[PDB]
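Engineer: The structure follows.
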Amino acid sequence: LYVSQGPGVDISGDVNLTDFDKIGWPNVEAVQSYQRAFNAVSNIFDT
Amino acid sequence: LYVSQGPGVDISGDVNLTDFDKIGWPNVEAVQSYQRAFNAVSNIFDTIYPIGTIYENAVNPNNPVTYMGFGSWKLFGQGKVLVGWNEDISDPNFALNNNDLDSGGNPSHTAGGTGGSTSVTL
């Protein structure tokens, strides 16, 4: 028994890393909804 | 079977915002003992950034919630920079918070710093 996988989410919160060198706003647009499931380490932690 | 749910969290550290707007100072509650558990991603996420967490937004205008898949967050850090608020009782700023007040007008040992101006003119 592991703490429940549970839902994903609806997301306005990810911009892409678009302009790489440039700052977080100095260029990039919110990456539209990607609803990331409960799978393995990454989108468990990296979310 | 993932990394185990493990045991659930008994706690001495609960945090309860009295007035959900006014931040810090003896407007607050740290309640009676409540035991967090082994349940889900949530109680295993809002465990790691409990209510009162310190996080930033360095890139996108997006709110915290809409990315990390947790919680609700309104941007902190307005009009300041990142400075420790010391346990020190002696120094002026690091002991009692600026306008945070006991009924004597000073804060107790506390937090919620303020201060500063880029300049006054001599």
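Within each chain, counting starts at residue 1; across the structure tokens, chains are named A, B, ... in the order shown, with ligands numbered 1 upward in that order.
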Report as a PyMOL selection string: the residues of chain A with a DSSP assignment of helix (DSSP H, G or I), based on the backbone of this structure.

Structural biologist: chain A and resi 41-45

Engineer: Using only C-alpha atoms and a cut-off of 7 Å, which residues of chain A sit close to chain B? Please list them as a ChimeraX atom specification.

Structural biologist: /A:1-6,9-15,23-25,47

Engineer: Please identify all polymer residues within 10 Å of residue 27 (chain B), counting only C-alpha atoms, omitting same-chain residues fewer than 2 positions from it, and present them as a list in words.

Structural biologist: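 Counting only C-alpha atoms, the residues come to residues 16, 17, 18, 19, 20, 22, 23, 24, 25, 29, 100 and 101 of chain B.
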
Engineer: I'd like the neighbourhood of residue 117 (chain B) as number ranges by chain, where a residue qualifies if any of its atoms comes within 12 Å (using only C-alpha atoms), though same-chain residues fewer than 3 positions away should be ignored.

Structural biologist: B: 79-81, 114, 120-121
